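Chain residues, written in single-letter form:
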2 protein chains.
Amino acid sequence: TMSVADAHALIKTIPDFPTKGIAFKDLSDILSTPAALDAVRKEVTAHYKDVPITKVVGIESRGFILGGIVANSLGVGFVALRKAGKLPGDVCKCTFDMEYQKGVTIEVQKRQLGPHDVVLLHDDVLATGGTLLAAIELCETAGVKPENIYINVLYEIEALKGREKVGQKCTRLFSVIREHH
Amino acid sequence: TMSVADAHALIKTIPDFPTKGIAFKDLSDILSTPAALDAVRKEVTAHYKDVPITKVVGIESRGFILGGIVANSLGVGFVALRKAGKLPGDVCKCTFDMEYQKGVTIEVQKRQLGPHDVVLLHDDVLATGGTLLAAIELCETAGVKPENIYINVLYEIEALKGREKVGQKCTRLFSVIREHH
Ligand SMILES: Nc1ncnc2cc[nH]c12
Ligand SMILES: Nc1ncnc2cc[nH]c12
């Protein structure tokens, strides 16, 4: 059976992608390898076994794959947070900046979150933390209480100190894998 | 316990979205309601219980959520098919047209699929079938054999006869829910 470390070994670092100067972390092989995906999924689910999560909020398409898997594994519903224009109906919005794109607008359907929810935010990679900080804000504007937000990321690039950045709004941050030094 | 019909009742039809003249099928409430998501997931997994699927290929972000859930449930890897520019590394490409967007380019990482694979393509909604037809093409260019491709969609809008369109390349098409007449 593969371990989280084995999953880690499947990650590829692609230079100058999408734009030059950006070291892209390709997590694709963890997702296409069942034993590696199970290892990472189990790590997340065990971690929140005693946390009364009511919804998993996947941050953009990048967080949909494992986000959905975790939601179904925990037995809670999944809610998508997407760039503006993709979600229909009443929505809450917020504008932010991420590692290789500045001026993005995220949205969430108003009806999917509120005061009663305990949210597990999920993102594939934690870089500058701009996307996550914006995501916490959105959840809170929708009515989720600050103390009821937890964060999970598959891969953390500690060098960019995104953790401290996000720590201004949420300090319950669990990363499955951290970039090797 | 909710049934597939109950899941169906959670779907909302949004008029003139994203552009006027388009009747958008909002599947969001099935995904945020665990009992409805379980009902649909179970329907898909039972259906392919005896099919030797080796990979689930989710068609764009729209197919990532349930696509990932099905992949992990079946115990196979998940492979993303995305619009051009989003996937890094060597890729196979193809250009198509969908209900409210003409001139889209889809891609798949070359290394994720090949001759040995039995693919379950998954898309959230089957409309004109342009996206699916293009997806089958991509899989085949990557090396997947025509007889080794199966298709699953969560919701089928039969009125647009996408099924016959896709039937030119693949006739193994299972839709969980079909639009009411
Ligand atoms: N360096 C990086 N690698 C992979 N995904 C992201 C997303 C933001 N920054 C990234
Ligand atoms: N009418 C429609 N509703 C929801 N999703 C899609 C995707 C293509 N056409 C659609």
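In terms of determination method and resolution, the entry is listed under X-ray crystallography at 1.85 Å.

The PDB entry annotates chain A as Adenine phosphoribosyltransferase of Giardia intestinalis. Per the PDB record, the entry is named "Crystal Structure of APRTase from Giardia lamblia Complexed with 9-deazaadenine". Taken from UniProt, the Subcellular location (unreviewed entry) comment for chain A reads in full: "Cytoplasm". According to the UniProt record, the Catalytic activity (unreviewed entry) comment for chain A reads "AMP + diphosphate = 5-phospho-alpha-D-ribose 1-diphosphate + adenine".

Residue and element names in this part refer to chain A. With two bridges joining them, strand β4 (residues 77-83) and strand β6 (residues 101-109) adopt antiparallel strand pairing. For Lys 83, the partnering residue across the bridge sits in β6 and is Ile 106. With eight bridges joining them, strand β5 (residues 91-98) and β6 adopt antiparallel strand pairing. Bridge assignment links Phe 96 to a residue of β6, and that residue is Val 104.

All names here are of chain A. Every residue close to ligand 1 is listed here: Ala 23, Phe 24, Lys 25, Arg 62, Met 98, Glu 99, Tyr 100, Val 125, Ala 127 and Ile 157. At 3.0 Å, a backbone N or O of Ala 23 approaches a nitrogen atom of ligand 1. A distance of 2.9 Å separates a nitrogen atom of ligand 1 from a polar backbone atom of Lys 25. When ligand 1 sits alone it has 270 Å² of accessible area, and the protein chains cover 97% of it. Here the shell around ligand 1 is built from residues that sort into seven nonpolar, no polar and three charged.

Below, the discussion takes up the relation of the copies chain B and chain A. For the pair chain B and chain A, the superposition axis carries a translation of 0.0 Å, the fit reaches an RMSD of 0.0 Å, and the rotation angle comes to 180°. The symmetry that links the two subunits is that of a two-fold axis. A shared binding surface is used by both copies, with 100% of the interface residues of chain B retained as interface residues in chain A.

This part covers the interface of chain B and chain A. Residue-level contacts link 34 residues of chain B with 34 residues of chain A. For the pairing of chain B and chain A, the buried interface totals around 2600 Å² over both sides, and the portion due to carbon and sulfur atoms is 54%. When the buried area of chain B at its contact with chain A is split by residue, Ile 65, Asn 72 and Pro 88 of chain B rank highest and sum to 21% of it. Applying the counting rule to chain B against chain A returns four salt bridges. In this structure, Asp 29 of chain A engages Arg 111 of chain B in a salt bridge whose closest nitrogen and oxygen atoms are separated by 2.8 Å. Across the contact surface, chain B and chain A share 22 residue pairs in polar contact. For the side of chain B that touches chain A, the secondary structure elements donating two or more residues are β1 (12-14), β2 (24-26), α2 (28-31), α3 (34-47), α4 (64-74) and β4 (77-83) of chain B. Sort the elements by how many residues they give to the side of chain B that touches chain A and α4 of chain B lands first, with five residues.

With that settled, the discussion passes to a positive patch on the surface. Where like charges cluster on the molecular surface, the positive patch consists of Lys 83 and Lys 86 of chain A together with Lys 83 and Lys 86 of chain B. Among the secondary structure elements, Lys 83 of chain A is positioned in strand β4. The exposure class of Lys 83 of chain A is partly exposed, given its relative accessible area of 37%.

About the thresholds
- Residues numbered from 1 in each chain as written, not as in the entry; some residues may be left out.
- Chains lettered and ligands numbered in written order.
- Heavy atoms only, no water.
- Residues with missing side-chain atoms left out of burial classes, pairs and counts.
- UniProt positions renumbered as here; feature names shortened; annotations may be inferred.
- Pairing = 2+ DSSP bridges.
- Helix = DSSP H or I, 4+ residues; strand = E, 2+ residues; numbered from the N terminus.
- Near = heavy atom within 4 Å.
- Polar contact = N/O pair within 3.5 Å; in protein donor to acceptor, adjacent residues only side chain to side chain.
- Areas by Shrake-Rupley, 256 points an atom, 1.4 Å probe, with all protein chains shown as cover.
- Nonpolar A, V, L, I, M, F, W, Y, C, P; charged D, E, K, R; others polar.
- Least-squares fit on C-alpha atoms.
- Contact = heavy atoms within 4.5 Å.
- Buried area = accessible area lost by both parts, 1.4 Å probe.
- Salt bridge = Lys/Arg side-chain N within 4 Å of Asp/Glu carboxyl O.
- Patch = residues over 30% accessible without salt bridge, like charges linked within 9 Å, V, L, I, M, F, W, Y side chains within 5 Å.
- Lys, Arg positive; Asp, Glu negative; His and termini not counted.
- Charge placed at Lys NZ, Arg CZ, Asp CG, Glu CD.
- Buried < 20%, exposed > 50% of the residue type's maximum accessible area, 1.4 Å probe, protein only.

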